[PDB]
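Novice: Supplied structure: entry.txt, compact mmCIF, N, CA and C atoms and all ligand atoms.
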# COMPACT_ATOMS: atom_id res chain seq x y z
N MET A 1 -15.62 9.52 -8.62
CA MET A 1 -16.53 9.54 -7.44
C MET A 1 -16.13 8.45 -6.43
N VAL A 2 -15.25 8.76 -5.48
CA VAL A 2 -14.70 7.71 -4.59
C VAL A 2 -15.33 7.78 -3.19
N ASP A 3 -16.31 8.65 -2.98
CA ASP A 3 -16.75 9.00 -1.63
C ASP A 3 -17.25 7.83 -0.81
N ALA A 4 -17.85 6.82 -1.41
CA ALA A 4 -18.39 5.70 -0.63
C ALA A 4 -17.27 4.88 0.02
N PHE A 5 -16.04 4.98 -0.51
CA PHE A 5 -14.89 4.28 0.05
C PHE A 5 -14.32 4.96 1.28
N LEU A 6 -14.66 6.23 1.51
CA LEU A 6 -13.99 6.99 2.56
C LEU A 6 -14.44 6.49 3.92
N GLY A 7 -13.54 6.50 4.87
CA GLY A 7 -13.82 6.14 6.24
C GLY A 7 -12.78 5.21 6.81
N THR A 8 -13.13 4.63 7.93
CA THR A 8 -12.26 3.74 8.69
C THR A 8 -12.81 2.31 8.58
N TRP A 9 -11.95 1.40 8.20
CA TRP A 9 -12.31 0.02 7.86
C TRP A 9 -11.43 -0.94 8.61
N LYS A 10 -11.98 -2.07 9.03
CA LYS A 10 -11.15 -3.06 9.73
C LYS A 10 -11.27 -4.42 9.08
N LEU A 11 -10.16 -5.13 9.07
CA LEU A 11 -10.12 -6.44 8.41
C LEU A 11 -10.98 -7.45 9.16
N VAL A 12 -11.84 -8.15 8.40
CA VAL A 12 -12.73 -9.16 8.97
C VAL A 12 -12.67 -10.49 8.25
N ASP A 13 -11.90 -10.64 7.18
CA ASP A 13 -11.75 -11.94 6.50
C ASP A 13 -10.52 -11.83 5.62
N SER A 14 -9.81 -12.94 5.45
CA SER A 14 -8.67 -12.95 4.54
C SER A 14 -8.52 -14.33 3.91
N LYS A 15 -8.39 -14.33 2.59
CA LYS A 15 -8.20 -15.57 1.82
C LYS A 15 -6.95 -15.41 0.96
N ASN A 16 -6.03 -16.37 1.08
CA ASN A 16 -4.87 -16.49 0.21
C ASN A 16 -3.84 -15.37 0.39
N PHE A 17 -3.84 -14.69 1.55
CA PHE A 17 -2.84 -13.65 1.74
C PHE A 17 -1.43 -14.25 1.83
N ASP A 18 -1.27 -15.43 2.41
CA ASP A 18 0.06 -16.02 2.43
C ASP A 18 0.56 -16.28 1.02
N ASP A 19 -0.28 -16.79 0.13
CA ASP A 19 0.14 -17.01 -1.25
C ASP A 19 0.59 -15.70 -1.89
N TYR A 20 -0.18 -14.65 -1.68
CA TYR A 20 0.17 -13.35 -2.25
C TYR A 20 1.52 -12.86 -1.72
N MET A 21 1.69 -12.90 -0.40
CA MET A 21 2.96 -12.49 0.18
C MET A 21 4.12 -13.34 -0.33
N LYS A 22 3.91 -14.65 -0.41
CA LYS A 22 5.00 -15.51 -0.85
C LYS A 22 5.38 -15.15 -2.29
N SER A 23 4.39 -14.86 -3.14
CA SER A 23 4.63 -14.49 -4.53
C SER A 23 5.50 -13.21 -4.63
N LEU A 24 5.32 -12.30 -3.70
CA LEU A 24 6.10 -11.07 -3.62
C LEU A 24 7.47 -11.28 -2.98
N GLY A 25 7.77 -12.47 -2.52
CA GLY A 25 9.08 -12.72 -1.90
C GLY A 25 9.15 -12.35 -0.42
N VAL A 26 8.02 -12.21 0.25
CA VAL A 26 8.02 -11.89 1.68
C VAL A 26 8.48 -13.11 2.46
N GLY A 27 9.39 -12.90 3.40
CA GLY A 27 9.96 -14.01 4.16
C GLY A 27 8.98 -14.65 5.11
N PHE A 28 9.28 -15.91 5.48
CA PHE A 28 8.31 -16.72 6.23
C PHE A 28 7.96 -16.09 7.58
N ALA A 29 8.90 -15.45 8.26
CA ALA A 29 8.61 -14.94 9.60
C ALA A 29 7.69 -13.74 9.50
N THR A 30 7.88 -12.91 8.47
CA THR A 30 6.96 -11.80 8.24
C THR A 30 5.60 -12.30 7.84
N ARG A 31 5.55 -13.34 6.99
CA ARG A 31 4.25 -13.90 6.63
C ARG A 31 3.52 -14.45 7.85
N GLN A 32 4.25 -15.10 8.77
CA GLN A 32 3.62 -15.66 9.95
C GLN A 32 2.89 -14.57 10.73
N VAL A 33 3.61 -13.50 11.05
CA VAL A 33 3.01 -12.40 11.83
C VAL A 33 1.87 -11.77 11.03
N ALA A 34 2.11 -11.51 9.75
CA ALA A 34 1.09 -10.87 8.90
C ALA A 34 -0.20 -11.69 8.87
N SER A 35 -0.11 -13.00 8.89
CA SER A 35 -1.30 -13.87 8.83
C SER A 35 -2.20 -13.71 10.02
N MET A 36 -1.66 -13.19 11.13
CA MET A 36 -2.40 -12.98 12.38
C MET A 36 -2.70 -11.50 12.66
N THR A 37 -2.43 -10.65 11.71
CA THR A 37 -2.59 -9.21 11.88
C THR A 37 -3.92 -8.78 11.27
N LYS A 38 -4.63 -7.85 11.93
CA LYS A 38 -5.90 -7.32 11.42
C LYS A 38 -5.75 -5.82 11.25
N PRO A 39 -5.38 -5.34 10.06
CA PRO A 39 -5.18 -3.91 9.92
C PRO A 39 -6.49 -3.12 9.96
N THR A 40 -6.28 -1.84 10.24
CA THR A 40 -7.29 -0.80 10.08
C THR A 40 -6.84 0.06 8.91
N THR A 41 -7.72 0.25 7.93
CA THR A 41 -7.45 1.10 6.78
C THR A 41 -8.33 2.34 6.86
N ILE A 42 -7.70 3.50 6.72
CA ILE A 42 -8.41 4.78 6.77
C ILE A 42 -8.22 5.43 5.41
N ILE A 43 -9.32 5.78 4.76
CA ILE A 43 -9.30 6.39 3.44
C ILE A 43 -9.93 7.78 3.60
N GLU A 44 -9.16 8.83 3.29
CA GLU A 44 -9.58 10.22 3.42
C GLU A 44 -9.33 10.92 2.08
N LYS A 45 -10.06 12.02 1.85
CA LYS A 45 -9.79 12.86 0.69
C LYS A 45 -9.76 14.30 1.10
N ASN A 46 -9.00 15.08 0.30
CA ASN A 46 -8.97 16.53 0.33
C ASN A 46 -8.92 16.96 -1.12
N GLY A 47 -10.09 17.34 -1.68
CA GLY A 47 -10.18 17.39 -3.18
C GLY A 47 -10.00 16.02 -3.86
N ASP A 48 -9.13 15.96 -4.91
CA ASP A 48 -8.76 14.73 -5.64
C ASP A 48 -7.45 14.23 -5.08
N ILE A 49 -7.04 14.70 -3.84
CA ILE A 49 -5.92 14.04 -3.17
C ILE A 49 -6.48 13.09 -2.13
N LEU A 50 -6.23 11.81 -2.34
CA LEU A 50 -6.60 10.78 -1.37
C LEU A 50 -5.41 10.47 -0.50
N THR A 51 -5.70 10.11 0.73
CA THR A 51 -4.72 9.56 1.64
C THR A 51 -5.25 8.22 2.15
N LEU A 52 -4.44 7.19 2.03
CA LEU A 52 -4.81 5.84 2.43
C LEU A 52 -3.80 5.38 3.46
N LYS A 53 -4.27 5.24 4.69
CA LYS A 53 -3.47 4.79 5.82
C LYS A 53 -3.80 3.33 6.08
N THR A 54 -2.78 2.54 6.36
CA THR A 54 -3.00 1.15 6.79
C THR A 54 -2.22 0.99 8.08
N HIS A 55 -2.94 0.72 9.17
CA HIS A 55 -2.37 0.66 10.50
C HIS A 55 -2.50 -0.75 11.07
N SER A 56 -1.47 -1.18 11.79
CA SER A 56 -1.55 -2.48 12.44
C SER A 56 -0.54 -2.55 13.57
N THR A 57 -0.59 -3.66 14.29
CA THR A 57 0.39 -3.94 15.33
C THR A 57 1.74 -4.37 14.77
N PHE A 58 1.85 -4.57 13.48
CA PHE A 58 3.09 -5.07 12.85
C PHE A 58 3.73 -3.99 12.00
N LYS A 59 3.11 -3.64 10.90
CA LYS A 59 3.55 -2.62 9.97
C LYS A 59 2.50 -1.53 9.85
N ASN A 60 2.93 -0.31 9.53
CA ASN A 60 2.05 0.81 9.18
C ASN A 60 2.51 1.40 7.87
N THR A 61 1.58 1.84 7.04
CA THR A 61 1.88 2.57 5.82
C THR A 61 0.93 3.74 5.73
N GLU A 62 1.37 4.73 4.79
CA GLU A 62 0.48 5.79 4.42
C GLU A 62 0.94 6.22 3.04
N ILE A 63 -0.02 6.40 2.15
CA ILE A 63 0.22 6.98 0.83
C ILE A 63 -0.75 8.12 0.60
N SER A 64 -0.30 9.14 -0.13
CA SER A 64 -1.17 10.18 -0.67
C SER A 64 -0.95 10.26 -2.16
N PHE A 65 -2.03 10.49 -2.88
CA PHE A 65 -1.97 10.47 -4.32
C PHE A 65 -3.14 11.24 -4.89
N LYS A 66 -2.94 11.74 -6.09
CA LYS A 66 -4.03 12.25 -6.89
C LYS A 66 -4.51 11.11 -7.77
N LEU A 67 -5.81 10.93 -7.87
CA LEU A 67 -6.35 9.91 -8.78
C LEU A 67 -5.80 10.16 -10.17
N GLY A 68 -5.35 9.07 -10.75
CA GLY A 68 -4.89 9.09 -12.13
C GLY A 68 -3.51 9.68 -12.37
N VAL A 69 -2.75 9.95 -11.32
CA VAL A 69 -1.40 10.54 -11.44
C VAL A 69 -0.41 9.62 -10.76
N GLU A 70 0.63 9.23 -11.46
CA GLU A 70 1.62 8.29 -10.90
C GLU A 70 2.31 8.91 -9.67
N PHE A 71 2.67 8.03 -8.75
CA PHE A 71 3.39 8.43 -7.55
C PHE A 71 4.40 7.32 -7.21
N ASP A 72 5.49 7.72 -6.55
CA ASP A 72 6.42 6.77 -5.97
C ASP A 72 5.86 6.23 -4.66
N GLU A 73 6.12 4.96 -4.37
CA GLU A 73 5.61 4.30 -3.16
C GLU A 73 6.66 3.31 -2.67
N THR A 74 6.74 3.19 -1.36
CA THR A 74 7.55 2.15 -0.73
C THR A 74 6.57 1.32 0.11
N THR A 75 6.40 0.07 -0.26
CA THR A 75 5.34 -0.77 0.29
C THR A 75 5.69 -1.28 1.68
N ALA A 76 4.69 -1.94 2.31
CA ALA A 76 4.88 -2.45 3.68
C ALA A 76 6.00 -3.47 3.75
N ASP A 77 6.22 -4.20 2.65
CA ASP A 77 7.28 -5.20 2.49
C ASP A 77 8.52 -4.61 1.82
N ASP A 78 8.64 -3.29 1.76
CA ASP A 78 9.86 -2.58 1.34
C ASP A 78 10.16 -2.70 -0.15
N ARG A 79 9.17 -2.89 -0.99
CA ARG A 79 9.34 -2.71 -2.42
C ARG A 79 9.24 -1.22 -2.78
N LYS A 80 10.14 -0.77 -3.64
CA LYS A 80 10.10 0.61 -4.17
C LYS A 80 9.43 0.51 -5.54
N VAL A 81 8.25 1.06 -5.65
CA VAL A 81 7.39 0.86 -6.82
C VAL A 81 6.93 2.18 -7.40
N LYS A 82 6.47 2.12 -8.63
CA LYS A 82 5.77 3.22 -9.31
C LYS A 82 4.31 2.87 -9.33
N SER A 83 3.47 3.75 -8.81
CA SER A 83 2.08 3.42 -8.55
C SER A 83 1.12 4.40 -9.21
N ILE A 84 -0.08 3.92 -9.48
CA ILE A 84 -1.17 4.79 -9.91
C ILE A 84 -2.45 4.22 -9.34
N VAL A 85 -3.36 5.08 -8.90
CA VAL A 85 -4.67 4.67 -8.39
C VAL A 85 -5.71 5.37 -9.26
N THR A 86 -6.69 4.61 -9.72
CA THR A 86 -7.75 5.14 -10.56
C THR A 86 -9.07 4.53 -10.13
N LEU A 87 -10.16 5.12 -10.58
CA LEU A 87 -11.48 4.54 -10.43
C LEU A 87 -11.80 3.89 -11.77
N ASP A 88 -12.19 2.61 -11.73
CA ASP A 88 -12.36 1.79 -12.95
C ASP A 88 -13.53 0.86 -12.67
N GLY A 89 -14.63 1.06 -13.36
CA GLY A 89 -15.78 0.20 -13.13
C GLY A 89 -16.30 0.31 -11.74
N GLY A 90 -16.19 1.49 -11.13
CA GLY A 90 -16.62 1.72 -9.74
C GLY A 90 -15.67 1.17 -8.71
N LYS A 91 -14.54 0.63 -9.10
CA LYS A 91 -13.56 0.03 -8.19
C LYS A 91 -12.37 0.97 -8.10
N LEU A 92 -11.78 1.02 -6.93
CA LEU A 92 -10.56 1.78 -6.72
C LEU A 92 -9.40 0.84 -7.08
N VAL A 93 -8.70 1.07 -8.17
CA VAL A 93 -7.68 0.17 -8.69
C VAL A 93 -6.31 0.79 -8.47
N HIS A 94 -5.48 0.14 -7.68
CA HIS A 94 -4.11 0.57 -7.37
C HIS A 94 -3.16 -0.39 -8.08
N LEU A 95 -2.37 0.13 -9.02
CA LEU A 95 -1.40 -0.66 -9.77
C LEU A 95 -0.01 -0.24 -9.31
N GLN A 96 0.82 -1.23 -8.94
CA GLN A 96 2.21 -1.03 -8.57
C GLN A 96 3.09 -1.72 -9.59
N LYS A 97 4.16 -1.03 -10.02
CA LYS A 97 5.11 -1.57 -11.02
C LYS A 97 6.51 -1.43 -10.47
N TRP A 98 7.31 -2.48 -10.61
CA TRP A 98 8.72 -2.41 -10.21
C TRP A 98 9.47 -3.53 -10.89
N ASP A 99 10.62 -3.28 -11.43
CA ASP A 99 11.49 -4.35 -12.00
C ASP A 99 10.70 -5.12 -13.08
N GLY A 100 9.78 -4.51 -13.78
CA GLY A 100 8.97 -5.19 -14.76
C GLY A 100 7.81 -6.01 -14.17
N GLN A 101 7.73 -6.13 -12.87
CA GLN A 101 6.64 -6.81 -12.17
C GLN A 101 5.47 -5.85 -12.01
N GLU A 102 4.30 -6.44 -11.84
CA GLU A 102 3.07 -5.67 -11.61
C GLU A 102 2.33 -6.36 -10.48
N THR A 103 1.63 -5.59 -9.64
CA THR A 103 0.57 -6.12 -8.78
C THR A 103 -0.56 -5.11 -8.73
N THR A 104 -1.78 -5.63 -8.62
CA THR A 104 -2.95 -4.78 -8.45
C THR A 104 -3.57 -5.03 -7.08
N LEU A 105 -4.06 -3.93 -6.51
CA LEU A 105 -4.79 -3.90 -5.27
C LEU A 105 -6.13 -3.24 -5.62
N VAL A 106 -7.18 -4.02 -5.70
CA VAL A 106 -8.47 -3.55 -6.22
C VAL A 106 -9.46 -3.53 -5.07
N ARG A 107 -10.12 -2.41 -4.86
CA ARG A 107 -11.12 -2.27 -3.80
C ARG A 107 -12.49 -2.04 -4.44
N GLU A 108 -13.46 -2.75 -3.92
CA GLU A 108 -14.84 -2.60 -4.40
C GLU A 108 -15.77 -2.75 -3.22
N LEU A 109 -16.92 -2.16 -3.33
CA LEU A 109 -17.94 -2.23 -2.29
C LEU A 109 -18.99 -3.23 -2.68
N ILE A 110 -19.18 -4.24 -1.85
CA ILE A 110 -20.17 -5.32 -2.10
C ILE A 110 -20.97 -5.44 -0.81
N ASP A 111 -22.27 -5.18 -0.88
CA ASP A 111 -23.16 -5.31 0.30
C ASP A 111 -22.61 -4.55 1.50
N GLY A 112 -22.03 -3.38 1.25
CA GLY A 112 -21.51 -2.52 2.33
C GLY A 112 -20.14 -2.92 2.84
N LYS A 113 -19.57 -4.00 2.34
CA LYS A 113 -18.22 -4.42 2.73
C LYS A 113 -17.24 -3.95 1.67
N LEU A 114 -16.02 -3.67 2.12
CA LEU A 114 -14.96 -3.31 1.19
C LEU A 114 -14.13 -4.56 0.91
N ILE A 115 -14.15 -4.97 -0.34
CA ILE A 115 -13.46 -6.18 -0.76
C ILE A 115 -12.18 -5.74 -1.47
N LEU A 116 -11.04 -6.14 -0.91
CA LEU A 116 -9.71 -5.85 -1.44
C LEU A 116 -9.20 -7.12 -2.11
N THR A 117 -8.97 -7.06 -3.41
CA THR A 117 -8.42 -8.18 -4.16
C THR A 117 -6.99 -7.82 -4.56
N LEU A 118 -6.06 -8.66 -4.15
CA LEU A 118 -4.63 -8.47 -4.38
C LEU A 118 -4.16 -9.54 -5.37
N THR A 119 -3.60 -9.12 -6.50
CA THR A 119 -3.16 -10.08 -7.52
C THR A 119 -1.69 -9.84 -7.85
N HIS A 120 -0.89 -10.88 -7.79
CA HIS A 120 0.51 -10.82 -8.24
C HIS A 120 0.86 -12.20 -8.76
N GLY A 121 1.44 -12.28 -9.91
CA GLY A 121 1.69 -13.59 -10.48
C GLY A 121 0.36 -14.31 -10.64
N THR A 122 0.28 -15.53 -10.21
CA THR A 122 -1.00 -16.26 -10.23
C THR A 122 -1.78 -16.07 -8.95
N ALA A 123 -1.16 -15.51 -7.90
CA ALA A 123 -1.77 -15.42 -6.59
C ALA A 123 -2.86 -14.36 -6.57
N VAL A 124 -4.02 -14.76 -6.06
CA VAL A 124 -5.17 -13.88 -5.92
C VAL A 124 -5.66 -14.00 -4.49
N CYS A 125 -5.54 -12.90 -3.74
CA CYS A 125 -5.96 -12.83 -2.35
C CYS A 125 -7.16 -11.92 -2.24
N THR A 126 -8.13 -12.34 -1.45
CA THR A 126 -9.33 -11.55 -1.21
C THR A 126 -9.43 -11.25 0.28
N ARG A 127 -9.43 -9.97 0.63
CA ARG A 127 -9.55 -9.54 2.01
C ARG A 127 -10.79 -8.68 2.13
N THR A 128 -11.50 -8.87 3.19
CA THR A 128 -12.76 -8.17 3.42
C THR A 128 -12.60 -7.24 4.62
N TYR A 129 -13.00 -6.01 4.41
CA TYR A 129 -12.98 -4.97 5.46
C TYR A 129 -14.41 -4.53 5.71
N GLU A 130 -14.70 -4.24 6.97
CA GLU A 130 -16.01 -3.66 7.35
C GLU A 130 -15.80 -2.31 8.00
N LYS A 131 -16.79 -1.47 7.76
CA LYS A 131 -16.71 -0.07 8.20
C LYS A 131 -16.81 -0.01 9.70
N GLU A 132 -15.96 0.81 10.29
CA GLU A 132 -16.04 1.27 11.70
C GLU A 132 -16.70 2.66 11.74
N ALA A 133 -17.50 2.86 12.75
CA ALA A 133 -18.32 4.07 12.92
C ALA A 133 -17.43 5.27 13.21
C1 LIG B 201 0.44 -2.00 6.89
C2 LIG B 201 -0.12 -3.42 7.03
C3 LIG B 201 0.29 -4.28 5.86
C4 LIG B 201 -0.42 -5.59 5.75
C5 LIG B 201 -0.31 -6.51 6.91
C6 LIG B 201 1.12 -6.87 7.30
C7 LIG B 201 1.93 -7.43 6.13
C8 LIG B 201 3.12 -7.05 5.86
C9 LIG B 201 3.97 -7.60 4.70
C10 LIG B 201 3.32 -7.87 3.38
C11 LIG B 201 2.78 -6.67 2.65
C12 LIG B 201 2.20 -6.87 1.32
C13 LIG B 201 1.68 -5.64 0.61
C14 LIG B 201 0.59 -4.92 1.33
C15 LIG B 201 -0.65 -5.69 1.56
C16 LIG B 201 -1.81 -4.87 2.13
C17 LIG B 201 -2.92 -5.67 2.66
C18 LIG B 201 -4.08 -4.91 3.25
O1 LIG B 201 -4.14 -3.69 3.13
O2 LIG B 201 -4.95 -5.62 3.87
Rewrite the structure of this file - the entire thing - as structure tokens.
Specialist:
Amino acid sequence: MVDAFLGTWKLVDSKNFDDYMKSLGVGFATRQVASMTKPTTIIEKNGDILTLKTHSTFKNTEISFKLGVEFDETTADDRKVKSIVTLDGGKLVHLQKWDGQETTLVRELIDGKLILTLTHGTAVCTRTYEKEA
């Protein structure tokens, strides 16, 4: 049941995103621009196929996936990963695997805000998105 996540969301807070990017090996110039970027995330469904768009003035991505079915993904920072997205404890959990590394991108709804928690290595980044009408 992912319906409450659907819609258009805009970034309104970010904590520790530089640490997360640095942990992934993102270069300093990309981190600089990324630290000042406010993406718009659009989450749509057609049956159990979700499409998650992330749009910004810097990088854009789009993925489509069936919940619970692995898919290939090429991330905004150009990692080629094996991914799966599932609903777990009411949270939309996106796991990426590559070269034996793992990162999770976890989305949950708290007081009407979408909280995205990004974990890689020890780095834990929390980004907050609010719904656009
Ligand atoms: C498409 C926009 C990507 C996030 C902002 C620009 C950063 C680019 C390089 C680092 C990418 C790291 C993995 C993706 C993080 C997504 C964050 C988010 O959706 O808020």
Novice: Skip range 88-98 of chain A itself and residues of its chain fewer than 4 positions away, then list as number ranges by chain all residues within 8 Å of it, counting all atoms listed in the file.
Specialist: A: 1-2, 79-84, 102-109
Novice: Given all atoms listed in the file, how would the per-residue table for chain A near ligand LIG 201 (chain B) read, listing every residue at most 8 Å away with its closest atom pair and distance in Å to one decimal, sorted by chain and number, as JSON lines?
Specialist:
{"residue": "A:11", "atom": "CA", "partner": "B:LIG201", "partner_atom": "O2", "distance": 6.9}
{"residue": "A:20", "atom": "C", "partner": "B:LIG201", "partner_atom": "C12", "distance": 6.8}
{"residue": "A:21", "atom": "CA", "partner": "B:LIG201", "partner_atom": "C10", "distance": 5.6}
{"residue": "A:22", "atom": "N", "partner": "B:LIG201", "partner_atom": "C10", "distance": 7.8}
{"residue": "A:24", "atom": "CA", "partner": "B:LIG201", "partner_atom": "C12", "distance": 7.6}
{"residue": "A:26", "atom": "CA", "partner": "B:LIG201", "partner_atom": "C10", "distance": 6.4}
{"residue": "A:27", "atom": "N", "partner": "B:LIG201", "partner_atom": "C9", "distance": 7.7}
{"residue": "A:30", "atom": "C", "partner": "B:LIG201", "partner_atom": "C9", "distance": 5.9}
{"residue": "A:31", "atom": "N", "partner": "B:LIG201", "partner_atom": "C9", "distance": 6.4}
{"residue": "A:33", "atom": "C", "partner": "B:LIG201", "partner_atom": "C6", "distance": 6.2}
{"residue": "A:34", "atom": "CA", "partner": "B:LIG201", "partner_atom": "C6", "distance": 4.3}
{"residue": "A:35", "atom": "N", "partner": "B:LIG201", "partner_atom": "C6", "distance": 6.5}
{"residue": "A:36", "atom": "N", "partner": "B:LIG201", "partner_atom": "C6", "distance": 7.9}
{"residue": "A:37", "atom": "CA", "partner": "B:LIG201", "partner_atom": "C5", "distance": 6.1}
{"residue": "A:38", "atom": "N", "partner": "B:LIG201", "partner_atom": "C5", "distance": 6.8}
{"residue": "A:39", "atom": "CA", "partner": "B:LIG201", "partner_atom": "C2", "distance": 5.8}
{"residue": "A:40", "atom": "N", "partner": "B:LIG201", "partner_atom": "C2", "distance": 7.1}
{"residue": "A:41", "atom": "CA", "partner": "B:LIG201", "partner_atom": "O1", "distance": 6.9}
{"residue": "A:53", "atom": "C", "partner": "B:LIG201", "partner_atom": "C1", "distance": 6.9}
{"residue": "A:54", "atom": "C", "partner": "B:LIG201", "partner_atom": "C1", "distance": 4.2}
{"residue": "A:55", "atom": "N", "partner": "B:LIG201", "partner_atom": "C1", "distance": 4.9}
{"residue": "A:56", "atom": "N", "partner": "B:LIG201", "partner_atom": "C1", "distance": 5.3}
{"residue": "A:57", "atom": "N", "partner": "B:LIG201", "partner_atom": "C2", "distance": 7.3}
{"residue": "A:58", "atom": "C", "partner": "B:LIG201", "partner_atom": "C6", "distance": 6.1}
{"residue": "A:59", "atom": "C", "partner": "B:LIG201", "partner_atom": "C1", "distance": 3.6}
{"residue": "A:60", "atom": "CA", "partner": "B:LIG201", "partner_atom": "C1", "distance": 4.0}
{"residue": "A:61", "atom": "N", "partner": "B:LIG201", "partner_atom": "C1", "distance": 4.0}
{"residue": "A:62", "atom": "N", "partner": "B:LIG201", "partner_atom": "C1", "distance": 7.1}
{"residue": "A:75", "atom": "C", "partner": "B:LIG201", "partner_atom": "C13", "distance": 6.0}
{"residue": "A:76", "atom": "C", "partner": "B:LIG201", "partner_atom": "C11", "distance": 4.7}
{"residue": "A:77", "atom": "N", "partner": "B:LIG201", "partner_atom": "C11", "distance": 4.2}
{"residue": "A:78", "atom": "N", "partner": "B:LIG201", "partner_atom": "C11", "distance": 6.8}
{"residue": "A:116", "atom": "CA", "partner": "B:LIG201", "partner_atom": "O2", "distance": 7.1}
{"residue": "A:118", "atom": "CA", "partner": "B:LIG201", "partner_atom": "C15", "distance": 7.7}
{"residue": "A:127", "atom": "CA", "partner": "B:LIG201", "partner_atom": "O2", "distance": 6.3}
{"residue": "A:128", "atom": "N", "partner": "B:LIG201", "partner_atom": "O2", "distance": 7.3}
Novice: Per DSSP on the backbone, what are the strand (DSSP E or B) residues of chain A, as a ChimeraX atom specification?
Specialist: /A:7-15,40-46,49-55,61-66,71-74,80-88,91-98,101-110,113-120,123-132
Novice: When you count only C-alpha atoms, which of these residues is closest to residue 121 in chain A: A:25, A:47, A:87, A:32?
Specialist: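 Closest to residue 121 in chain A of all the choices is A:25.
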Novice: List every residue of range 28-95 of chain A that DSSP, applied to the backbone, labels as helix (DSSP H, G or I), and write the result as a PyMOL selection string.
Specialist: chain A and resi 28-35
Novice: What is the atom C of residue 14 in chain A to atom C of residue 48 in chain A distance in Å?
Specialist: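 Value for the atom C of residue 14 in chain A-atom C of residue 48 in chain A distance: 30.0 Å.
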Novice: May I ask which of the residues A:17, A:67, A:74, A:9 is the closest one to residue 132 in chain A, counting only N, CA and C atoms?
Specialist: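 Checking each of A:17, A:67, A:74, A:9 against residue 132 in chain A, counting only N, CA and C atoms, the winner is A:9.
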Novice: For a test of reading the model, state the distance in Å between CA of residue 64 in chain A and atom C of residue 85 in chain A, rounded to one decimal.
Specialist: 10.8 Å
Novice: Pick from A:19, A:44, A:3, A:13: nearest to residue 115 in chain A, with only C-alpha atoms counted?
Specialist: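 Selected residue with least distance to residue 115 in chain A: A:13.
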Novice: In Å, rounded to a single decimal, give me how far atom N of residue 7 in chain A is from CA of residue 50 in chain A.
Specialist: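 About the pair CA of residue 50 in chain A and atom N of residue 7 in chain A: they are 10.3 Å apart.
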Novice: With 8 Å on each side, where is the centre of the axis-aligned box around all listed atoms of range 73-84 of chain A, and how long are its edges in Å to one decimal, as lines of an AutoDock Vina configuration file?
Specialist:
center_x = 3.9
center_y = -0.1
center_z = -3.1
size_x = 28.6
size_y = 26.2
size_z = 29.7
Novice: Smallest atom-to-atom distance to residue 16 in chain A: which of A:111, A:124, A:4, A:133, using only N, CA and C atoms?
Specialist: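 Going through A:111, A:124, A:4, A:133 one by one, the smallest distance to residue 16 in chain A is for A:124.
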